[PDB]
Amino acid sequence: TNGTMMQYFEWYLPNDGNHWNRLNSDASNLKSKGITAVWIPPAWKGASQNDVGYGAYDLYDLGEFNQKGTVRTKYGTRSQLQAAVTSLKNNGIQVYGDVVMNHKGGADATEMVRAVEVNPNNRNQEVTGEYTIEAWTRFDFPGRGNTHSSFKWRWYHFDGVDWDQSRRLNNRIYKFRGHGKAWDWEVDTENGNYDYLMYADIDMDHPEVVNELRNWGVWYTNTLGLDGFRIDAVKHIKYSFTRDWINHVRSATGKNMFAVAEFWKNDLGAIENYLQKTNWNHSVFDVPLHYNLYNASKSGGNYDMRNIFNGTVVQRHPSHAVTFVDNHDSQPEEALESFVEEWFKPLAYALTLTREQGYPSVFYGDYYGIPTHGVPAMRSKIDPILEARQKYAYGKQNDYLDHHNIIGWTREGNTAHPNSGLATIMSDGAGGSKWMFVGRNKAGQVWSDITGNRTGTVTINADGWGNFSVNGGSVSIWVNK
C-alpha cells in the first residue's frame, strides 16, 4: 500500500547506451523490493551523446534520430526505452518522466540578436546599453525534420543567454531586447530575478512557446504512456506557466498525472510561496530535509536529532512533499554536492521510509552505488527498510523526537496489513534505549530488528509499551515478524 519512487539514474553512469535495457530487466526485482514508481532520466537528445539529458537539445528526439553525432541518447534508443516502459507497466510500476522546459542547449546555429547585459547578482539591473551579440538560439533539428513536430526555435522564443559567440566573454548574462522582451515573472528572487540559469532561456511570455510546450507535454505523455513527471528547475520557470502546463496535460490526457517539481532552495518560505502560486496542484522535493540530513551526517553526533524535521516541507505540508536523501546534483563532485555520509544514510532512509508523512524516493546512486567515486551499493541496508515500509509502516504514528541523539517513532498498524506496526529508533551518537508505545493490542508480542543491527528481541508489555534498543550511530526497526 505504501508507495515508494526511485530515481533510476545517477550522474556518472557509463555512456554505453544500455541503461534502458538495465531498467527493463530490473523491473520485477524493483517491484518485489517495494518500488512502485520510477523516475527515468531525461529521455530526449542532449547536446551530445554523453549528456545526462539536462543539456536538452530536442525534446521530440527520444533516441530516434541522427542528431548531435548520435542516434541513441546516453541511455539507449527509443525502442529500448519503450521496451523498458512496457516492462515496468507489466510489473505494476508507474513511470514518471523527467521534464526540462527552462532552457534549450546545443542550438544548431547562432543568430545576431539585440541585447543588454545584466548584473549576474541582480538580473533586474542592466549594466550596458543595447548592442548586437551572436547567440546560440537557432534550432531546426536537421536529423528529425518535421517528424512529430514542425515547430522551429529562434531567438525570439528565448529571453536571453550567457554566451556571445562573437566576443566570448566570461561571467556575462544577456537579456534580449525587442517587443515584449523581459525576464519572466513570477520566478525565484535570488539574484533579483532568477529566470536565467543556463543555455538559452525559454521565454514563457511568448504565446507560441507556451502552446508548443503544452503540446509537447501531451505528445510526450501519450508517446511513452507516462504516469507522472519530475519537473526540472522550476524556481527558474514562470510559476503560473508550470501550474497551467500541468493542468493542461492532465486535461488533454484525461489522466491525473502525478507531478513532483524540483524547486532547489533550502528555504521553506520560498517553497511555500511556490506551492501557493501553483495552487497546490503538484508536489515538491523536500530540499530542506535533504540539507538537514546532510548536516546531521556531517556533525559527528552533535546535531540535535530532535530538530531533524524542522523547516522541512514534509513537516509543514506532508501531502505535497517528496522526501529524498540524495540525488544526481547532491552526489560527489556535482553542482550541489552535499552527499549524506554513508554511516548516516541508513538513518536517513529510515526517516523517510518508515514515517507516515511524505512520498519517499530511493536514489539509484545510493542503492546500486557510484563506482566512479567509491560509493558502495547500499541496497543491502536499504532493502530491510523498504520491507519495513511495505509490510509494517502503517497506522497511527507516535513521535519520540525527545533526545539530542536518540529519537524514535512507532506505527500502531492497521487491519489492512497483517502483523503491521513498527518501532523505529536511531542515534547519531551513542547507542541506548527508549520506551515507546506501540498499542495495547500488541501486548505479549515478541518483536525483532528487521535491519538485523540488533540481534535480540523486545517483548511488548501488558500496557502496550516496549523498551527498544539501538546501537551507536545506527538505526533499528523493531517489528512483529
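Note that residue numbering begins at 1 and tracks the sequence as displayed.
Stretches compared: 274-282, 232-240. Higher mean C-alpha B-factor in the entry: 274-282. Once the C-alpha B-factors are averaged per stretch, 409-417 and 33-41 rank with 409-417 first. You'll see in the entry that, of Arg214, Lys104, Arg144, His157, the Cα B factor peaks at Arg144. Taking only the listed residues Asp326, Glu341, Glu334, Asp98, the entry reports the highest CA temperature factor at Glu334. Among the modelled residues of its chain, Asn453 has a C-alpha B-factor that falls in the middle third according to the deposited record. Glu64 sits in the highest third of its chain by CA B factor, as recorded in the PDB entry. In the deposited entry, the Cα temperature factor of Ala443 sits in the top third of values across the chain's modelled residues. Placement of the Cα temperature factor of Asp203 within the chain: lowest third of the modelled residues, per the deposited record. Ranked against the other modelled residues of its chain, the C-alpha B-factor of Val209 as given in the entry falls in the lowest third.
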